[PDB]
């Protein structure tokens, strides 16, 4: 029975991602990622996206494996103007923190009723890579590090200190340079042309 670590090694996973509005980035680089619950209790300021939290876990931080939830991400970029960024996170989070693993969006009826304890552990992690996820047939050519369903989600039930953030992606040079001046020990990356295959792209295009 493979461990989470052995799955990461075997599939060549190198990145977890979390998209967020640039308005949140100072707070995140200072204090780490925190759940909506934990943000409320510390009276910290945040711009959140989800009004509903149908997942039912406002004490969880939501990540992606290898590629953002491009669908949900694009939606919220349309609804909220200004610069969005993408945090890249050490895959170590998956074993070092209290994670649940969901093969599709964690708010989906297909998964959200299951005993949360069954969604922890290497068995649930491996299901992100199944040949069929609730009707999505995994493409034979999809590289091993990608989830079958682009909306596959990691719910992290504790804070993620800023040291687990390995880089941040910006939509323009000036955003990256602003945050680099503030956090000179950190890696701040950017795209010069967004007419390109970028982490802001739909995945089918990115991998095309």
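Positions refer to the first chain, counted from 1.
Undergrad: Averaging only over Cα atoms, indicate whether 69 to 77 or 129 to 137 has the higher B-factor in the PDB entry.
TA: Taking the mean B-factor of the alpha carbons in each, 129 to 137 is higher.
Undergrad: Tell me which stretch, 10 to 18 or 180 to 188, has the higher mean Cα B-factor listed in the entry.
TA: Looking at the record's C-alpha B-factors, the answer is 180 to 188.
Undergrad: Checking the record values for 167, 64, 47, 148, which has the greatest CA B factor?
TA: Of the candidates given, the C-alpha B-factor peaks at 47.
Undergrad: What third of the chain, by the recorded C-alpha B-factor, contains residue 201?
TA: For residue 201, the deposited C-alpha B-factor lands in the lowest third.
Undergrad: Place residue 54 in the lowest, middle or highest third of its chain's C-alpha B-factors, as listed in the PDB entry.
TA: Tercile = highest for this residue's CA B-factor.
Undergrad: Looking at the C-alpha B-factor of residue 156, is it in the lowest, middle or highest third of its chain?
TA: Middle third, going by the recorded CA B-factors of the chain.
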